[PDB]
Amino acid sequence: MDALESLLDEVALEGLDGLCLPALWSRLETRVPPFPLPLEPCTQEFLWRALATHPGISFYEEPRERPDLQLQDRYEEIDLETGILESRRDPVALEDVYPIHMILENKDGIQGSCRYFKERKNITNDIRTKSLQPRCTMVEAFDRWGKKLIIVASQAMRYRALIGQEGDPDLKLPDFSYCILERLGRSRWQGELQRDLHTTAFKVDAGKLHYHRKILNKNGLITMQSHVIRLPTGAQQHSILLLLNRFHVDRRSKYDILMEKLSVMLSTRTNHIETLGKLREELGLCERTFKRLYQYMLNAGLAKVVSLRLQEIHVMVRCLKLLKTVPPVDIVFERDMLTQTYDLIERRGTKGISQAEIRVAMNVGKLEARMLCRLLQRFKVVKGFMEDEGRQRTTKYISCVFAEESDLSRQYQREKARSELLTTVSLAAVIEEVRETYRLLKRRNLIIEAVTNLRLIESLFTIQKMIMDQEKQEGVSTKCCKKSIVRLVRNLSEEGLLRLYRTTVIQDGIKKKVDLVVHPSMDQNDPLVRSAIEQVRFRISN
Amino acid sequence: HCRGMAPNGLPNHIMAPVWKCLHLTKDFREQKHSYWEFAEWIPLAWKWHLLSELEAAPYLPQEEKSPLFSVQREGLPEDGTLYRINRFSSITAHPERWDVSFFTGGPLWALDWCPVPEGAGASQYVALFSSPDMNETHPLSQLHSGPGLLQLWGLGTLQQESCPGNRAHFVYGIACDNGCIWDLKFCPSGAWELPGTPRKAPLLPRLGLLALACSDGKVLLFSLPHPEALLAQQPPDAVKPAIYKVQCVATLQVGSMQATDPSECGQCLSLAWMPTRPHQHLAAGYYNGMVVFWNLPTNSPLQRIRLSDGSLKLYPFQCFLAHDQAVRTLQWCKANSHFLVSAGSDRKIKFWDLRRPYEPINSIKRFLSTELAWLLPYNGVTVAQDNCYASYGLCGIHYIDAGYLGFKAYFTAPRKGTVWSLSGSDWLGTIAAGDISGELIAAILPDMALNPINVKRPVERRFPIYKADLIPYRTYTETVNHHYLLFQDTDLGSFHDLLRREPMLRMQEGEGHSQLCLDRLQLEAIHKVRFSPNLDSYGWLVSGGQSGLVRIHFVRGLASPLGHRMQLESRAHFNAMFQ
Amino acid sequence: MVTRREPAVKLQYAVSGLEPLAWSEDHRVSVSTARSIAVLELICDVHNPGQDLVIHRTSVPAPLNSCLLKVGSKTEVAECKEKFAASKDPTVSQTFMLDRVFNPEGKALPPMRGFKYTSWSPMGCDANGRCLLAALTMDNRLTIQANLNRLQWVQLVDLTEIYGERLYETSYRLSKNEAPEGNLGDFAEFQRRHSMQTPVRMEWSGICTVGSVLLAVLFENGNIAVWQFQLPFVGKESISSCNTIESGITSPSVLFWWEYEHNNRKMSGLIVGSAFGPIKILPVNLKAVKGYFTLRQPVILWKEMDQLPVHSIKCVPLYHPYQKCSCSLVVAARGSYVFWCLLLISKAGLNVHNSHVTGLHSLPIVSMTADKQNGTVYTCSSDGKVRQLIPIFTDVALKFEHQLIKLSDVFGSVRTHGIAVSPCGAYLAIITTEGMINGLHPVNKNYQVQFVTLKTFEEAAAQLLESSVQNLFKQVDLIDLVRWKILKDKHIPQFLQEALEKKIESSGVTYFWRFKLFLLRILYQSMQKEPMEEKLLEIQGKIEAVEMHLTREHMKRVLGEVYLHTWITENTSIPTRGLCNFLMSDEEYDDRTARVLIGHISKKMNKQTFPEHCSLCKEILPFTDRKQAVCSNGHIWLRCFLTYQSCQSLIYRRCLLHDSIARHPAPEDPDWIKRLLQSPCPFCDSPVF
DNA sequence: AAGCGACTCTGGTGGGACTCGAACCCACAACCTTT
DNA sequence: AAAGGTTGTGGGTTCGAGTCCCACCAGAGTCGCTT
Ligand SMILES: [Zn+2]
Ligand SMILES: [Zn+2]
């Protein structure tokens, strides 16, 4: 790319909040591919004239001086063991140069973040004539305004810098989704991690960032990778890496480059077998690293766990072997769509059908099938039962001819009555007290039984394990999450059907979270919770 | 705004648009109808072959007798008897109220009045189709091409001296091998001539030109003789249901010369003739959403070919993809035939300029719609909805301006059920609509040149004609064995104290609150409604439905001295022109 | 032969208007759509290895303001509109309120600001060497658009605005004696004043000769406005005339230019087709240019008035093998048929033959394209059929033979809203949409542009070797087929290499050296952009060698014109002595013609230095190397690849491929280098802009 | 007074966007788990 | 004796569902001016 265009591109790769002059020189010096022309005061005046004479560039005074940029370099790119580790090595999270403040619903359609967007003033006509002749030298401009001089490229230039030449300018994006792009754009070759965007850039639910990120994936403006953060804990965290397509590079991983060497080694060894120690020794690897590689190769399905005697490799020796529904409805001319939809649901009968499965069967839009389900419920001809499957609390719809006899009805009615019994049987080192569907009522009832039969239960894992086995005996394929239990236990706490007591106990230089759950009839002073604390501390003792 | 009360009991500001529509319709037809068209397309006796009893048996609609029914008439003593009538037979008209009921043997799915020039005083006919089987139902996406019978029914002349003791007569039918008929349209004018017209023995005086939208994906065009001219040729001892096999004037279908590739268009769903002289274009809507136009007189070897039997096959001169889904209904503009409207199951109403088909004049996205009516004097169109997407309590019938006046849609009538069919009387400026509830209502529109938002209470402008109830006594025989149809007719003689009379309370308790029934055949449902287009009988309406009963009503309260005045003056002019 | 090319192009907005896809001589594809014109620019990218079509995307925005056709004073039109809308006659009132020409915006009418039609000029019409885009909205705003920079289209002129004013000044009379000052309050005159200036369709002429181009605009009433543009077109300044001819054709549907040559006599006319079916060639009786001449009398191609609307017209020049003379073939889409007519000048004058090729489609033809080099017709209908239709010469006139191409086999069940064909017939571009799925309607509609290979690689390679036009940019669509093969197989096919070496040996014109440079640069990208490193170094050495040869030939030609014009003793705009040194530097320079040329120049050259100075230093630039010059302080200035002057200006021109750079011409430059600076790039033949 | 045509004032629903609740997944330490 | 597959953990990912809340609708009410 040409030097003069690489300047204007860099000015457009910051967002609507643009650059200071010292930031611009820093951005050009840190450019990849390298900036063709060595910066010096006469050259910087020439580049400044290239900005002032360009009609799409515009200049503002912001009310306060901006911080100077950090050294952005995110990644370690070294190791003392074989290869190198390019995991994130954290700089200090100093006060952000570009804290985001989205320009929502703009009447001119210009988009991005700028904390001063309503407050800064244009000084274009002070820096240049309307005939685009520059009125100030760069040194005069920086003397007069300093960091308050902010350079911004026109929206057409900024959006072009995000989509490239192959991208389509006609595509409007929601303001939140556009502000994700320009948060990526200003990162250049080292994209923002999705973790960091929601945690500290946008400060939102991870669900919000994912939801708004969707459109950028759907239109294909950004590329997705898994990436690895090396914490000061020494442990390392998985997170998503977002790279704007211009800046996509296929990032490698230490375990990936080392498993490739093992894959090459085992695939070139004619037997595809070697002992772990030699697999280590040929790569110089420690067992702590290598056991990850071994289990990754196994979890990738590329190899199989094998053991052979030394006389068989030539005493048993551990080795690795490498090895690698509803039918569509024909709409009739002669009946209305409400009649025809009821005819469908009657054919399903006792099992019912979902709104999404109606939609596909009826060949209608999402909003159209929604209105069909609403009307048939309001007419009282069809009844809706919630059913949890997968991640989704769907509704299944059954005609009132069958609804009472349906398994969903019967199972729900049993667990409702069972719940009414289990509630009405209720009685009339430093502990802290915390603040419908068939399967959900089953899980509620099972916990209420447990706290009724075992007035204390020693951890949330105990609750999960019995629930997991109970659902596995029922044959449920989905596996209950810890968050689902603790949110469920929180619901029972607000209903007052149990206490959850939490603390950390300390013993022999180590600490354990306790998370006692107890029947409401006892407070944290009860000898039973004290006995539980003691018997936990005992088994935690060295 | 004109004050005072009309003698029929409606306010004059409510009746005044009805009285205006008489003159506007007369002034239009004088300019843009004609007394004779398509002079070559005249019926020939040798093209009409009478089927024997054995040959007709596959075509007759299969129910030999109606469901049992009784009619109660507002303010008369209760009848208490149950009627039941044979297929192709009629009860006698009620001596005071002249309603007639007749049975066609199957569920009525197409119906049109035979158009007759003003003042002619002719016998009045309806042509209709009723499906062969009461319970079979046909998919949209597939061609049917079964048998079916086109039925022509004479209603008498419908003069005041003729209505007492009137009966409908099944005059003849055409046995069609082209599947069920989804629409019927007669040529709007110039097709009819006096039955006394002297014509040589091979020829027959012409009653009309009738276009059939067939489920076989093609349009059929017939020229109809007057019945007496057929019966003069027919043997004297012939079978009394006169069923004929008839050669088309033309078969109209999508395609091109030597293009063997069968068209994707699917079933033909709706028709419109060109409303204005010489009516030379006919349009159809297709399941694929195309609107297709044929240039009926066309000599051109690229559009016309003559079959070995001598009938024409006509290929279209223009087609365009009007809708992204089946185009269920068309209306062609009367006031200027450069414009057409269509509605399709994508639930858009699209107005078109046929000079510039690449973009509609206006697309309004709405609820799913079944039929449209375009009354001559009003720039917009009144729409009947399928309820499956309307907000509960807001489903019904809407008038929608084409857009220049920019009014909001006018909610002319709330309905609980889907309105299956709609007809606007140009002569009356009133509209009538049939519901799966089995109720037939009429409504008077305001003068839609004026903003509808001033219409403080539209309920004063609507009234029921009748409601059919099933009275106990998902298939036809299981329903008929255990129910009968109670037809509750209103007193259309006047609208005095309307909002306190029981049929309005019954209707108002139906609107909004009543719940649709789905565990039955819908045997009460009404499927077609048609006001008479003729100035003679202009105040008459016909309707029919799932029962295969067809019922005729005279809306005496909307007939008026201006219609009588215009009938007498048109009679005088007609009697001077033809003798 | 027909297979899909990999990138489908997504469209954000509904495809809109008449015959909505077109492919320009400049390899920009425009689709007219409800909110923009999307322009797809095909680049034979030499900087990346991706096998897809490298489609650069730009768009013309739809206008923000609805166009009103001027029919009278702002007060008098307002009272007339009130009069008609309030009329108690159903016909007058509803005719006014329905017709969108009288009502381009309203309280509840959707604005018609999307595009009705688009047409691409010939090349060389823009201020750059590029073509202009004529764009017509559905509210009848006709505009000319250009992409002067790469990023943004700008409107150069609105022609409806000008024509409306000129009609108003002449009181809507073309002949001032011929018509009354008819009252605007009469609906026939009101409608006429709208109809007489509502544009239906439009086409550009070829380049007349200073260059000029015509634009003929067809109006609803059968008037045609023939605009004349001076070239390069820069706006209203370049509109040399507007002249209106009355065709008299009622309801004219479509227009195309006829241009023809016989015995080196130029002739031309306008062919016009009615929506009611007939087709007639008008003689363009009015024009100012002296080199062209016009047909003497109208000829009727189809007379039948059968009301099959003439939806499209195309024509192609041919040479008839048996009549042994040049002839013109006209093809026109009429309903579902193709009308064809062959026009042949002979001693008898025009000899004319016509027919309808029949059975093509069971629905009307929605678009048509002609392969200008062969007369191969393509035709399309919304059922997704596309039919290739090959003209076969007959002892007199033609026969057409035709075959369906199964888009089903490449895209599945599909609707097609338009087709276009690349200037060499290399690709067919198709506006695809979701088709009927086993008789069901598709739930959601999404327009796309998709491409299919019309030619095999071997035919594209052969046609490039035997190319009569011998410019690569005229043939981007063929060298893209060659590019796709090389990137796919990571080697140059041997027969192409051997044949190209034979052409370079036997003919050696710089076109073949440019073709070699293309193959080698695509080869370098193919092999992942140490035997691979040795191979990369080898072929990069070959690229540099042939790149150096093309430079030598251009430098020789530049000095080979400095010698011809008056000696620029001030050395004003060419580094003459530096170029002479660069052309004597090496013993490689065996070419005696260059050596004697620089001999004669160096005899004539001034002994005074007249050096080139670095503007940031006022210190000399030595002229060491082709691409760039440096001063002692270490500044780096690119050199103009057309004149080797250093591009020290803050704005300068860049090749379409960014492979080469050029200086802007300045008033100090003599005419001959102001002409030289209009050359295409010496390496890629692309516009240097 | 009785009536009219704007001008409000009041309960009800859907359109697209978006909160919601769930299982799913990383990579580590814990150690139960095995010859 | 003498040690590794097997598992639970805090946090992020993501998938389709139902929910939101504003604009719009249909009806009834207000009342300046007229009749
Ligand atoms: Zn310098
Ligand atoms: Zn170049």
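Residues numbered from 1 in each chain as written, not as in the entry; some residues may be left out. Chains lettered and ligands numbered in written order. Heavy atoms only, no water.

In the PDB archive, cryo-EM is given as the structure determination method for this entry, at a resolution of 3.2 Å.

Engineer: Mind laying out the coordination of the zinc ion (ligand 2), listing which residues take part and the relevant values?
Structural biologist: Residue and element names in this part refer to chain C. Taken together, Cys-655 (SG), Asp-659 (OD), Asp-659 (OD), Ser-660 (OG), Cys-681 (SG) and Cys-684 (SG) make up the protein donors of the zinc ion (ligand 2), found 2.0 to 2.3 Å from the metal. What the 6 donor atoms of the zinc ion (ligand 2) show is an angle range of 66 to 159 degrees at the metal, which sorts the shape as irregular. Look at where the donors of the zinc ion (ligand 2) fall in the sequence and you get C-x3-D-S-x20-C-x2-C. In this structure, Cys-681 and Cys-684 share a single accessibility class: buried. (Donors = N, O, S within 2.8 Å, 3.2 Å for Na, K, Ca; no water. Tetrahedral: all angles 85-135°; square planar, octahedral: opposite > 155°, others 65-115°. Buried < 20%, exposed > 50% of the residue type's maximum accessible area, 1.4 Å probe, protein only.)

Engineer: Which residues make up the protein's contact with DNA strand E, and what values do they have?
Structural biologist: All names here are of chain A. Around DNA strand E, the structure places 24 residues, and the nearest of them are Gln-194, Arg-318, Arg-391, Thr-395 and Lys-482. By atom count, sugar and phosphate contribute 72% of the portion of DNA strand E lying within 4 Å of the protein. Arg-213 has a polar side-chain atom sitting 2.9 Å from a phosphate oxygen of DNA strand E. One nitrogen or oxygen atom from the side chain of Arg-318 is found 2.6 Å from a phosphate oxygen belonging to DNA strand E. Those elements that place two or more of their residues in the surface near DNA strand E are helix 8 (194–201), helix 9 (206–219), helix 15 (355–362), strand 11 (392–399) and helix 21 (482–494). Here the residues of the surface near DNA strand E are counted per class, giving 5 nonpolar, 9 polar and 10 charged. (Near = heavy atom within 4 Å. Polar contact = N/O pair within 3.5 Å; in protein donor to acceptor, adjacent residues only side chain to side chain. Helix = DSSP H or I, 4+ residues; strand = E, 2+ residues; numbered from the N terminus. Nonpolar A, V, L, I, M, F, W, Y, C, P; charged D, E, K, R; others polar.)

Engineer: Any details on the interface of chain C and chain B? Residues and values, ideally.
Structural biologist: Each side of the interface is counted separately: chain C has 47 residues, and chain B has 49 residues. Across the chain C/chain B interface, buried area totals approximately 4100 Å², and carbon plus sulfur atoms make up 58% of it. Among the residues of chain C in contact with chain B, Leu98(C), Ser362(C) and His441(C) are the three that bury the most area, contributing 16% of the side total. Between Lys445(C) and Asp324(B) there is a salt bridge, with the nearest N and O atoms lying 3.0 Å from each other. When contributions to the side of chain C that touches chain B are tallied by element, the ones reaching two or more residues are helix 1 (74–85) and helix 2 (90–98) of chain C. (Contact = heavy atoms within 4.5 Å. Buried area = accessible area lost by both parts, 1.4 Å probe. Salt bridge = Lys/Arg side-chain N within 4 Å of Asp/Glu carboxyl O.)

Engineer: I'd like a description of the interface of chain C and chain A, backed by residues and values.
Structural biologist: Contacts between the two partners involve 26 residues from chain C and, on the opposite side, 27 residues from chain A. If you look at where chain C meets chain A, you find 2 salt bridges. Between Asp2(A) and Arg654(C) there is a salt bridge, with its nearest N and O atoms 2.8 Å apart. One can count 11 residue pairs in polar contact joining chain C with chain A. Of all elements in the fold, only strand 5 (54–61) and strand 32 (636–638) of chain C reach the threshold of two or more residues within the side of chain C that touches chain A. The element that contributes the greatest number of residues to the side of chain C that touches chain A is strand 5 of chain C, accounting for 6 residues. Tallied by class, residues from the side of chain C that touches chain A come to 12 nonpolar, 11 polar and 3 charged.

Engineer: Pulling in residues and values, what's your account of a negative patch on the surface?
Structural biologist: All names here are of chain C. There is a patch of like negative charges on the surface, built from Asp-586, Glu-587, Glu-588 and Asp-590. Mapped onto the fold, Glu-588 is located in the loop between helix 11 (576–582) and helix 12 (592–604). Look at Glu-588 and you get exposed, because its relative accessible area is 57%. (Patch = residues over 30% accessible without salt bridge, like charges linked within 9 Å, V, L, I, M, F, W, Y side chains within 5 Å. Areas by Shrake-Rupley, 256 points an atom, 1.4 Å probe, with all protein chains shown as cover. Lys, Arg positive; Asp, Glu negative; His and termini not counted. Charge placed at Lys NZ, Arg CZ, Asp CG, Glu CD.)

Engineer: Residue-level account of the sheet that holds strand 19 (residues 325–334) of chain C, with values.
Structural biologist: Residues and elements named next belong to chain C. As summarised here, the arrangement of the 4 strands in space is 18-19-20-21, forming an open sheet in which the pairing is antiparallel. Strand pairing shows two members of the sheet lacking a second neighbour, strand 18 (310–320) and strand 21 (349–357), which therefore form its edges. Adjacent strand axes in the sheet meet at a mean angle of 20 degrees when their direction is disregarded. Direction of pairing for strand 19 relative to strand 20 (residues 337–346): antiparallel, over a ladder of 7 bridges. Bridged to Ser-328 within strand 20 is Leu-343. (Pairing = 2+ DSSP bridges. Axes fitted to C-alpha atoms, helices over the stretch in contact; angles between N-to-C directions.)

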